[PDB]
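So this first bit is one chain, no partners, the form deposited in one PDB entry, shown in structure tokens.
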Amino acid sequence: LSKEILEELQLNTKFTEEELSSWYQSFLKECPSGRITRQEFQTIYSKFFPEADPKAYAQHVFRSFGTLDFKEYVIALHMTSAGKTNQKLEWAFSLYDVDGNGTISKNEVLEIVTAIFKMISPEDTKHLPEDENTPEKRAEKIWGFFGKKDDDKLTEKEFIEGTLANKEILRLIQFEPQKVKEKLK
């Protein structure tokens, strides 16, 4: 588990195996089964993002992985809060492909963008450019950069190419609450 987590994160880790083991011992005192349900997971985001409405967001993050074990729980927290976005592109594809069918549709992008938008304070909201100030505008822009028609599908190959190649695209799909905020101020 600790080496397994460290193995999956590799460059994104903010912990050593010993520290992961300490966190783990603590986690087990709280969740003796070593599993956390979707409801328990959503509560972490509700408790730590008082100003926003993190429910949809936390559910989508949970979904990207019944329950999550400690490994997935630790990775989820790293994906939403630590590291650079360009190091999480594979995972991000999993977040955007809402139904897990392997391709991202326009409706899926809208779904994720809407949930991310709910993480932003209505205050930070008016600091947004006119062309990206609503879920639908932000989602359309994204679809547009990928050169997609409403009917089209986006594969993992194109998704990684575009997000890596063009930083403008990376900035639009960005899902970490803090980074979405710190790109305006």
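What we label the rigid core is the largest C-alpha set whose atoms superpose within 1.5 Å from one form to the other. Residues that one form lacks are left out of the comparison. Counting begins at 1, following the sequence as shown.
The form deposited in another entry exists for this protein as well; it is not shown, and the discussion that follows is about that form.
Engineer: Please name the one residue from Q174, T16, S22, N12 with a C-alpha displacement of 2 Å or more between the shown form and the other one, using the rigid core for the superposition.
Structural biologist: Going through each option, the one that shifts is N12.
Engineer: Given that the shift is 3 Å or more, do the Cα atoms of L164 and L9 end up closer or farther apart in the other entry than in this form?
Structural biologist: Residues separate in the other entry, at least 3 Å farther apart.
Engineer: Are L9 and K29 closer or farther apart at their Cα atoms in the other entry than shown, with the shift being 3 Å or more?
Structural biologist: Closer, not farther.
Engineer: Superposing on the core, what residue ranges of at least 3 consecutive positions move by 2 angstroms or more in Cα between the shown form and the other one?
Structural biologist: Core-superposed, the single displaced stretch is 1-14.
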